[PDB]
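What follows is the content of protein07.pdb (PDB, C-alpha atoms and all ligand atoms).
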```
MODEL        1
ATOM      1  CA  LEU A   7     -99.572 -22.368-158.945  1.00  0.00           C
ATOM      2  CA  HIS A   8     -96.673 -20.069-158.142  1.00  0.00           C
ATOM      3  CA  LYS A   9     -96.228 -16.286-158.146  1.00  0.00           C
ATOM      4  CA  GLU A  10     -93.177 -14.891-159.967  1.00  0.00           C
ATOM      5  CA  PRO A  11     -91.762 -11.409-160.117  1.00  0.00           C
ATOM      6  CA  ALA A  12     -92.337  -8.843-162.792  1.00  0.00           C
ATOM      7  CA  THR A  13     -92.165  -5.073-163.081  1.00  0.00           C
ATOM      8  CA  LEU A  14     -94.537  -2.686-164.763  1.00  0.00           C
ATOM      9  CA  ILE A  15     -93.482  -1.251-168.086  1.00  0.00           C
ATOM     10  CA  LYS A  16     -96.805   0.308-169.123  1.00  0.00           C
ATOM     11  CA  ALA A  17    -100.521   0.033-168.608  1.00  0.00           C
ATOM     12  CA  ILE A  18    -102.384  -0.836-171.812  1.00  0.00           C
ATOM     13  CA  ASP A  19    -106.094  -1.505-171.193  1.00  0.00           C
ATOM     14  CA  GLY A  20    -108.460  -3.338-168.885  1.00  0.00           C
ATOM     15  CA  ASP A  21    -107.091  -6.800-169.550  1.00  0.00           C
ATOM     16  CA  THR A  22    -103.609  -6.225-171.034  1.00  0.00           C
ATOM     17  CA  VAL A  23    -100.507  -4.788-169.441  1.00  0.00           C
ATOM     18  CA  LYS A  24     -96.881  -4.513-170.530  1.00  0.00           C
ATOM     19  CA  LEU A  25     -94.535  -6.078-167.964  1.00  0.00           C
ATOM     20  CA  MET A  26     -90.896  -6.994-167.722  1.00  0.00           C
ATOM     21  CA  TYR A  27     -90.725 -10.724-166.937  1.00  0.00           C
ATOM     22  CA  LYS A  28     -87.431 -12.569-166.561  1.00  0.00           C
ATOM     23  CA  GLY A  29     -85.843  -9.345-167.788  1.00  0.00           C
ATOM     24  CA  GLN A  30     -87.753  -9.168-171.111  1.00  0.00           C
ATOM     25  CA  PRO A  31     -90.642  -6.930-172.139  1.00  0.00           C
ATOM     26  CA  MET A  32     -93.917  -8.776-172.708  1.00  0.00           C
ATOM     27  CA  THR A  33     -97.560  -7.912-173.140  1.00  0.00           C
ATOM     28  CA  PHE A  34     -99.624  -9.933-170.663  1.00  0.00           C
ATOM     29  CA  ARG A  35    -103.255 -10.846-171.228  1.00  0.00           C
ATOM     30  CA  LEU A  36    -105.320 -11.632-168.126  1.00  0.00           C
ATOM     31  CA  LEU A  37    -106.429 -15.269-167.903  1.00  0.00           C
ATOM     32  CA  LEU A  38    -110.162 -15.972-167.802  1.00  0.00           C
ATOM     33  CA  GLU A  39    -111.155 -12.336-168.403  1.00  0.00           C
ATOM     34  CA  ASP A  40    -112.689 -10.045-170.959  1.00  0.00           C
ATOM     35  CA  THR A  41    -112.774  -6.336-170.333  1.00  0.00           C
ATOM     36  CA  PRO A  42    -114.555  -4.072-172.767  1.00  0.00           C
ATOM     37  CA  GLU A  43    -112.321  -2.456-175.366  1.00  0.00           C
ATOM     38  CA  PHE A  50    -111.484   1.162-174.698  1.00  0.00           C
ATOM     39  CA  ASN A  51    -113.898   2.261-177.385  1.00  0.00           C
ATOM     40  CA  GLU A  52    -116.798   0.340-175.751  1.00  0.00           C
ATOM     41  CA  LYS A  53    -119.006   1.041-172.756  1.00  0.00           C
ATOM     42  CA  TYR A  54    -117.059   0.662-169.482  1.00  0.00           C
ATOM     43  CA  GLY A  55    -113.806   0.295-171.544  1.00  0.00           C
ATOM     44  CA  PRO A  56    -112.251   3.513-170.300  1.00  0.00           C
ATOM     45  CA  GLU A  57    -113.277   2.643-166.729  1.00  0.00           C
ATOM     46  CA  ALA A  58    -111.792  -0.812-166.989  1.00  0.00           C
ATOM     47  CA  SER A  59    -108.576   0.626-168.401  1.00  0.00           C
ATOM     48  CA  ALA A  60    -108.359   3.173-165.629  1.00  0.00           C
ATOM     49  CA  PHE A  61    -108.980   0.567-162.981  1.00  0.00           C
ATOM     50  CA  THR A  62    -106.261  -1.766-164.138  1.00  0.00           C
ATOM     51  CA  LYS A  63    -103.907   1.208-164.727  1.00  0.00           C
ATOM     52  CA  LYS A  64    -104.316   2.463-161.197  1.00  0.00           C
ATOM     53  CA  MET A  65    -103.973  -0.935-159.680  1.00  0.00           C
ATOM     54  CA  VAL A  66    -100.683  -1.763-161.469  1.00  0.00           C
ATOM     55  CA  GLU A  67     -99.144   1.722-161.281  1.00  0.00           C
ATOM     56  CA  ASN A  68     -99.786   2.041-157.545  1.00  0.00           C
ATOM     57  CA  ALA A  69     -98.461  -1.439-156.740  1.00  0.00           C
ATOM     58  CA  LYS A  70     -95.128  -1.801-155.021  1.00  0.00           C
ATOM     59  CA  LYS A  71     -94.905  -5.450-156.098  1.00  0.00           C
ATOM     60  CA  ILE A  72     -96.293  -6.888-159.344  1.00  0.00           C
ATOM     61  CA  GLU A  73     -96.367 -10.665-159.710  1.00  0.00           C
ATOM     62  CA  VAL A  74     -97.444 -12.941-162.458  1.00  0.00           C
ATOM     63  CA  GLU A  75     -98.851 -16.426-161.985  1.00  0.00           C
ATOM     64  CA  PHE A  76     -99.035 -18.820-164.929  1.00  0.00           C
ATOM     65  CA  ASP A  77    -101.597 -21.558-164.943  1.00  0.00           C
ATOM     66  CA  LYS A  78    -100.954 -25.201-165.844  1.00  0.00           C
ATOM     67  CA  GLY A  79    -101.404 -24.898-169.602  1.00  0.00           C
ATOM     68  CA  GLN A  80    -100.487 -22.450-172.312  1.00  0.00           C
ATOM     69  CA  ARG A  81     -98.292 -19.580-171.146  1.00  0.00           C
ATOM     70  CA  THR A  82     -98.305 -17.565-174.352  1.00  0.00           C
ATOM     71  CA  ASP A  83    -101.180 -16.978-176.766  1.00  0.00           C
ATOM     72  CA  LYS A  84    -101.182 -16.966-180.552  1.00  0.00           C
ATOM     73  CA  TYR A  85    -100.321 -13.229-180.502  1.00  0.00           C
ATOM     74  CA  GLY A  86     -97.286 -13.772-178.271  1.00  0.00           C
ATOM     75  CA  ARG A  87     -98.988 -12.368-175.187  1.00  0.00           C
ATOM     76  CA  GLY A  88     -98.252 -13.936-171.818  1.00  0.00           C
ATOM     77  CA  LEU A  89    -101.336 -15.548-170.260  1.00  0.00           C
ATOM     78  CA  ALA A  90    -101.345 -15.127-166.496  1.00  0.00           C
ATOM     79  CA  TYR A  91    -103.079 -13.983-163.379  1.00  0.00           C
ATOM     80  CA  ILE A  92    -101.565 -10.693-162.344  1.00  0.00           C
ATOM     81  CA  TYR A  93    -101.181  -9.587-158.732  1.00  0.00           C
ATOM     82  CA  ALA A  94    -100.612  -6.135-157.323  1.00  0.00           C
ATOM     83  CA  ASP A  95     -99.357  -6.176-153.751  1.00  0.00           C
ATOM     84  CA  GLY A  96    -100.923  -9.582-153.391  1.00  0.00           C
ATOM     85  CA  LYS A  97    -104.351  -8.649-154.765  1.00  0.00           C
ATOM     86  CA  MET A  98    -105.328 -10.349-158.021  1.00  0.00           C
ATOM     87  CA  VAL A  99    -106.132  -7.861-160.752  1.00  0.00           C
ATOM     88  CA  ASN A 100    -108.393 -10.347-162.549  1.00  0.00           C
ATOM     89  CA  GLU A 101    -110.508 -10.875-159.393  1.00  0.00           C
ATOM     90  CA  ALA A 102    -110.632  -7.152-158.571  1.00  0.00           C
ATOM     91  CA  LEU A 103    -111.988  -6.357-162.037  1.00  0.00           C
ATOM     92  CA  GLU A 104    -114.612  -9.024-161.620  1.00  0.00           C
ATOM     93  CA  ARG A 105    -115.665  -7.783-158.195  1.00  0.00           C
ATOM     94  CA  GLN A 106    -116.181  -4.242-159.572  1.00  0.00           C
ATOM     95  CA  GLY A 107    -118.230  -5.313-162.557  1.00  0.00           C
ATOM     96  CA  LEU A 108    -115.532  -4.144-165.011  1.00  0.00           C
ATOM     97  CA  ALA A 109    -114.839  -7.540-166.580  1.00  0.00           C
ATOM     98  CA  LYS A 110    -116.585 -10.757-167.537  1.00  0.00           C
ATOM     99  CA  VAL A 111    -115.319 -14.265-166.946  1.00  0.00           C
ATOM    100  CA  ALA A 112    -114.494 -15.510-170.443  1.00  0.00           C
ATOM    101  CA  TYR A 113    -112.030 -17.477-172.538  1.00  0.00           C
ATOM    102  CA  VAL A 114    -112.222 -20.413-170.147  1.00  0.00           C
ATOM    103  CA  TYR A 115    -110.048 -23.054-171.799  1.00  0.00           C
ATOM    104  CA  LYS A 116    -109.794 -26.483-170.254  1.00  0.00           C
ATOM    105  CA  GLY A 117    -106.475 -27.107-168.402  1.00  0.00           C
ATOM    106  CA  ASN A 118    -105.826 -23.396-168.003  1.00  0.00           C
ATOM    107  CA  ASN A 119    -108.644 -22.466-165.655  1.00  0.00           C
ATOM    108  CA  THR A 120    -107.460 -22.846-162.046  1.00  0.00           C
ATOM    109  CA  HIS A 121    -109.108 -19.677-160.695  1.00  0.00           C
ATOM    110  CA  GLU A 122    -112.369 -19.969-162.599  1.00  0.00           C
ATOM    111  CA  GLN A 123    -114.659 -20.447-159.672  1.00  0.00           C
ATOM    112  CA  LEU A 124    -112.963 -17.728-157.567  1.00  0.00           C
ATOM    113  CA  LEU A 125    -113.487 -15.306-160.395  1.00  0.00           C
ATOM    114  CA  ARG A 126    -117.115 -16.397-160.997  1.00  0.00           C
ATOM    115  CA  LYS A 127    -117.881 -15.844-157.353  1.00  0.00           C
ATOM    116  CA  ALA A 128    -116.555 -12.244-157.600  1.00  0.00           C
ATOM    117  CA  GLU A 129    -118.656 -11.786-160.715  1.00  0.00           C
ATOM    118  CA  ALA A 130    -121.801 -12.981-158.985  1.00  0.00           C
ATOM    119  CA  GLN A 131    -121.314 -10.519-156.195  1.00  0.00           C
ATOM    120  CA  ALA A 132    -120.783  -7.611-158.664  1.00  0.00           C
ATOM    121  CA  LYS A 133    -123.901  -8.657-160.513  1.00  0.00           C
ATOM    122  CA  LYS A 134    -125.955  -8.817-157.276  1.00  0.00           C
ATOM    123  CA  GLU A 135    -124.824  -5.217-156.617  1.00  0.00           C
ATOM    124  CA  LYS A 136    -125.678  -4.248-160.195  1.00  0.00           C
ATOM    125  CA  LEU A 137    -122.208  -2.740-160.569  1.00  0.00           C
ATOM    126  CA  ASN A 138    -120.924  -1.151-163.751  1.00  0.00           C
ATOM    127  CA  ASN A 139    -121.358  -3.710-166.590  1.00  0.00           C
ATOM    128  CA  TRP A 140    -124.231  -5.274-164.589  1.00  0.00           C
ATOM    129  CA  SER A 141    -126.024  -1.934-164.025  1.00  0.00           C
TER     130      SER A 141
HETATM  131  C1  LIG A 201    -107.596 -14.817-172.691  1.00  0.00           C
HETATM  132  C2  LIG A 201    -107.166 -15.600-173.893  1.00  0.00           C
HETATM  133  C3  LIG A 201    -107.345 -15.116-175.177  1.00  0.00           C
HETATM  134  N1  LIG A 201    -106.908 -15.827-176.244  1.00  0.00           N
HETATM  135  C4  LIG A 201    -107.172 -15.347-177.616  1.00  0.00           C
HETATM  136  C5  LIG A 201    -108.591 -15.734-178.038  1.00  0.00           C
HETATM  137  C6  LIG A 201    -109.019 -14.560-178.916  1.00  0.00           C
HETATM  138  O1  LIG A 201    -108.679 -14.824-180.298  1.00  0.00           O
HETATM  139  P1  LIG A 201    -109.228 -13.863-181.467  1.00  0.00           P
HETATM  140  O2  LIG A 201    -108.233 -12.697-181.519  1.00  0.00           O
HETATM  141  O3  LIG A 201    -109.052 -14.751-182.669  1.00  0.00           O
HETATM  142  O4  LIG A 201    -110.619 -13.480-181.120  1.00  0.00           O
HETATM  143  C7  LIG A 201    -108.244 -13.365-178.367  1.00  0.00           C
HETATM  144  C8  LIG A 201    -109.096 -12.530-177.454  1.00  0.00           C
HETATM  145  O5  LIG A 201    -108.260 -11.510-176.855  1.00  0.00           O
HETATM  146  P2  LIG A 201    -108.749 -10.030-176.695  1.00  0.00           P
HETATM  147  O6  LIG A 201    -109.988 -10.066-175.829  1.00  0.00           O
HETATM  148  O7  LIG A 201    -107.571  -9.351-176.030  1.00  0.00           O
HETATM  149  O8  LIG A 201    -109.058  -9.488-178.089  1.00  0.00           O
HETATM  150  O9  LIG A 201    -107.163 -13.930-177.652  1.00  0.00           O
HETATM  151  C9  LIG A 201    -106.329 -17.073-176.078  1.00  0.00           C
HETATM  152  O10 LIG A 201    -106.004 -17.749-177.109  1.00  0.00           O
HETATM  153  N2  LIG A 201    -106.136 -17.572-174.860  1.00  0.00           N
HETATM  154  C10 LIG A 201    -106.577 -16.932-173.764  1.00  0.00           C
HETATM  155  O11 LIG A 201    -106.441 -17.489-172.651  1.00  0.00           O
HETATM  156 CA    CA A 202    -110.895  -7.444-174.295  1.00  0.00          CA
ENDMDL
END
```
So that I can check it, write out the structure of this file as structure tokens.
Amino acid sequence: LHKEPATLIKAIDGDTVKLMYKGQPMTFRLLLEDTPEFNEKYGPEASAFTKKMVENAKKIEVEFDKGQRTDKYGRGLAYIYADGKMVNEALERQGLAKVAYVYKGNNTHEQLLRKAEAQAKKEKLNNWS
């Protein structure tokens, strides 16, 4: 896979962020993730985590997988990086997301993200507490 540039427009919630990509505003949905909704337990914490990570980044990148690039709602489907650190993985490692929505052909980083999840769950962090 390949990283491509984007710039932050606005934080949305744990697993969605508004970015400018190829000069156009898009909502991106994190591949292979499910954060709690804001109104659910750990939702505000997941939102705050993603918000801080993308707002503090000097360089945002998106990385599409091999399959679908946009979902049925018109959201981009990507792994998002903030100064080289994957947001999806960072959420997993802090117990603020679950690996989910694993569709065949669009699942390159599945096992990386599951490994982060296992280590969060061993530590009983956040969702796993
Ligand atoms: C992450 C992801 C979600 N989706 C769809 C499945 C879900 O459909 P439904 O809306 O019908 O449940 C929805 C979940 O997103 P949210 O977790 O943002 O609600 O987005 C994809 O189609 N592809 C994906 O890779
Ligand atoms: Ca969600």
Please extract the residues at most 10 Å from ligand CA 202 (chain A), counting all atoms listed in the file, and provide them as a PDB file with C-alpha atoms, in the coordinates of the input, using the chain letters and residue numbers of this document.
```
ATOM      1  CA  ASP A  19    -106.094  -1.505-171.193  1.00  0.00           C
ATOM      2  CA  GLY A  20    -108.460  -3.338-168.885  1.00  0.00           C
ATOM      3  CA  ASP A  21    -107.091  -6.800-169.550  1.00  0.00           C
ATOM      4  CA  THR A  22    -103.609  -6.225-171.034  1.00  0.00           C
ATOM      5  CA  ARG A  35    -103.255 -10.846-171.228  1.00  0.00           C
ATOM      6  CA  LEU A  36    -105.320 -11.632-168.126  1.00  0.00           C
ATOM      7  CA  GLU A  39    -111.155 -12.336-168.403  1.00  0.00           C
ATOM      8  CA  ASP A  40    -112.689 -10.045-170.959  1.00  0.00           C
ATOM      9  CA  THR A  41    -112.774  -6.336-170.333  1.00  0.00           C
ATOM     10  CA  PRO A  42    -114.555  -4.072-172.767  1.00  0.00           C
ATOM     11  CA  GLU A  43    -112.321  -2.456-175.366  1.00  0.00           C
ATOM     12  CA  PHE A  50    -111.484   1.162-174.698  1.00  0.00           C
ATOM     13  CA  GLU A  52    -116.798   0.340-175.751  1.00  0.00           C
ATOM     14  CA  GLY A  55    -113.806   0.295-171.544  1.00  0.00           C
ATOM     15  CA  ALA A  58    -111.792  -0.812-166.989  1.00  0.00           C
ATOM     16  CA  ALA A 109    -114.839  -7.540-166.580  1.00  0.00           C
ATOM     17  CA  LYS A 110    -116.585 -10.757-167.537  1.00  0.00           C
ATOM     18  CA  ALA A 112    -114.494 -15.510-170.443  1.00  0.00           C
TER      19      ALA A 112
END
```
Applied to this file, what does the PyMOL selection byres (((chain A and resi 111) around 12) and not hetatm) return in terms of residues, put as a PyMOL selection string? chain A and resi 21+36-42+100-105+107-110+112-115+119+121-130+132
Name the residues in contact with range 68-78 of chain A at a cut-off of 7 Å, using all atoms listed in the file, excluding same-chain residues fewer than 6 positions from it; report them as a ChimeraX atom specification. /A:7-13,89-95,117-118,120
Contacts of residue 63 in chain A at 9 Å or less, counting only C-alpha atoms, minus same-chain residues fewer than 2 places along, as an mmCIF file with C-alpha atoms, in the coordinates of the input?
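As a result, around_6.cif now contains:
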```
data_model
loop_
_atom_site.group_PDB
_atom_site.id
_atom_site.type_symbol
_atom_site.label_atom_id
_atom_site.label_comp_id
_atom_site.auth_asym_id
_atom_site.auth_seq_id
_atom_site.Cartn_x
_atom_site.Cartn_y
_atom_site.Cartn_z
ATOM 1 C CA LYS A 16 -96.805 0.308 -169.123
ATOM 2 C CA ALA A 17 -100.521 0.033 -168.608
ATOM 3 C CA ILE A 18 -102.384 -0.836 -171.812
ATOM 4 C CA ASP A 19 -106.094 -1.505 -171.193
ATOM 5 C CA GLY A 20 -108.460 -3.338 -168.885
ATOM 6 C CA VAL A 23 -100.507 -4.788 -169.441
ATOM 7 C CA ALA A 58 -111.792 -0.812 -166.989
ATOM 8 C CA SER A 59 -108.576 0.626 -168.401
ATOM 9 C CA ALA A 60 -108.359 3.173 -165.629
ATOM 10 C CA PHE A 61 -108.980 0.567 -162.981
ATOM 11 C CA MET A 65 -103.973 -0.935 -159.680
ATOM 12 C CA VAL A 66 -100.683 -1.763 -161.469
ATOM 13 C CA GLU A 67 -99.144 1.722 -161.281
ATOM 14 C CA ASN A 68 -99.786 2.041 -157.545
#
```
Step by step, gather every atom of range 124-141 of chain A that the file lists, find the box along x, y and z that holds them, add 4 Å on each side, and finally give centre and edge lengths in Å to one decimal, as AutoDock Vina command-line options.
```
--center_x -119.5 --center_y -9.4 --center_z -161.4 --size_x 21.1 --size_y 24.6 --size_z 18.4
```
Straight-line distance linking CA of residue 87 in chain A with CA of residue 33 in chain A, stated in Å to one decimal: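 Rounded to one decimal, the two atoms are 5.1 Å apart.
Using all atoms listed in the file for every distance, the candidate list A:88, A:14, A:82, A:137 yields A:88 as the residue closest to residue 32 in chain A.
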For ligand LIG 201 (chain A), the nearest of the candidates A:84, A:136, A:97, A:24, counting all atoms listed in the file: A:84
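What separates atom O3 of ligand LIG 201 (chain A) from CA of residue 57 in chain A is a distance of 24.0 Å.
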Could you check the closest approach to ligand LIG 201 (chain A) for each of A:81, A:133, A:51, A:140 and tell me which residue wins, using only C-alpha atoms and all ligand atoms?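 Comparing A:81, A:133, A:51, A:140 against ligand LIG 201 (chain A), the winner is A:81.
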Atom pair CA of residue 30 in chain A / CA of residue 56 in chain A: separation (Å):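 Here the two named atoms are 27.6 Å from each other.
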Nearest candidate to ligand LIG 201 (chain A) (options A:53, A:64, A:28, A:116; using only C-alpha atoms and all ligand atoms): A:116
Which of A:62, A:79, A:31, A:141 sits closest to ligand LIG 201 (chain A) [using only C-alpha atoms and all ligand atoms]: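 Closest to ligand LIG 201 (chain A) of all the choices is A:79.
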Considering all atoms listed in the file, can you say which of A:80, A:99, A:26, A:54 comes closest to ligand LIG 201 (chain A)? A:80
Can you put N, CA, C and O atoms back into range 7-20 of chain A and show it as a short mmCIF file (atom, residue, chain, number, x, y, z; two decimals), keeping the file's coordinate frame?
```
data_model
loop_
_atom_site.label_atom_id
_atom_site.label_comp_id
_atom_site.auth_asym_id
_atom_site.auth_seq_id
_atom_site.Cartn_x
_atom_site.Cartn_y
_atom_site.Cartn_z
N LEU A 7 -100.25 -23.36 -158.07
CA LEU A 7 -99.57 -22.37 -158.94
C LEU A 7 -98.61 -21.56 -158.12
O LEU A 7 -98.74 -21.50 -156.88
N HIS A 8 -97.75 -20.82 -158.80
CA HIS A 8 -96.67 -20.07 -158.14
C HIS A 8 -96.63 -18.63 -158.65
O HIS A 8 -96.70 -18.40 -159.85
N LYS A 9 -96.47 -17.67 -157.76
CA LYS A 9 -96.23 -16.29 -158.15
C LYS A 9 -94.76 -16.06 -158.49
O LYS A 9 -93.85 -16.64 -157.86
N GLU A 10 -94.55 -15.25 -159.50
CA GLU A 10 -93.18 -14.89 -159.97
C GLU A 10 -93.09 -13.40 -160.14
O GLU A 10 -94.09 -12.72 -160.38
N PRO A 11 -91.87 -12.84 -159.98
CA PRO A 11 -91.76 -11.41 -160.12
C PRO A 11 -91.92 -10.87 -161.50
O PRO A 11 -91.59 -11.52 -162.49
N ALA A 12 -92.38 -9.62 -161.57
CA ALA A 12 -92.34 -8.84 -162.79
C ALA A 12 -92.36 -7.38 -162.38
O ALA A 12 -92.63 -7.05 -161.23
N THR A 13 -92.03 -6.49 -163.31
CA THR A 13 -92.16 -5.07 -163.08
C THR A 13 -93.00 -4.40 -164.18
O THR A 13 -93.03 -4.84 -165.31
N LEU A 14 -93.74 -3.39 -163.82
CA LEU A 14 -94.54 -2.69 -164.76
C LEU A 14 -93.66 -2.00 -165.77
O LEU A 14 -92.73 -1.22 -165.39
N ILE A 15 -94.00 -2.16 -167.04
CA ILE A 15 -93.48 -1.25 -168.09
C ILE A 15 -94.53 -0.20 -168.44
O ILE A 15 -94.29 1.05 -168.24
N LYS A 16 -95.75 -0.64 -168.78
CA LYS A 16 -96.80 0.31 -169.12
C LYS A 16 -98.17 -0.36 -169.03
O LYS A 16 -98.37 -1.45 -169.51
N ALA A 17 -99.12 0.38 -168.50
CA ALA A 17 -100.52 0.03 -168.61
C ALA A 17 -100.94 0.09 -170.07
O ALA A 17 -100.34 0.87 -170.86
N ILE A 18 -101.82 -0.83 -170.47
CA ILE A 18 -102.38 -0.84 -171.81
C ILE A 18 -103.91 -0.65 -171.81
O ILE A 18 -104.39 0.43 -172.17
N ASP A 19 -104.65 -1.65 -171.32
CA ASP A 19 -106.09 -1.50 -171.19
C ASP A 19 -106.61 -2.42 -170.09
O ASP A 19 -105.82 -2.82 -169.25
N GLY A 20 -107.91 -2.62 -170.02
CA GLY A 20 -108.46 -3.34 -168.88
C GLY A 20 -107.84 -4.71 -168.63
O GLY A 20 -107.69 -5.12 -167.49
#
```
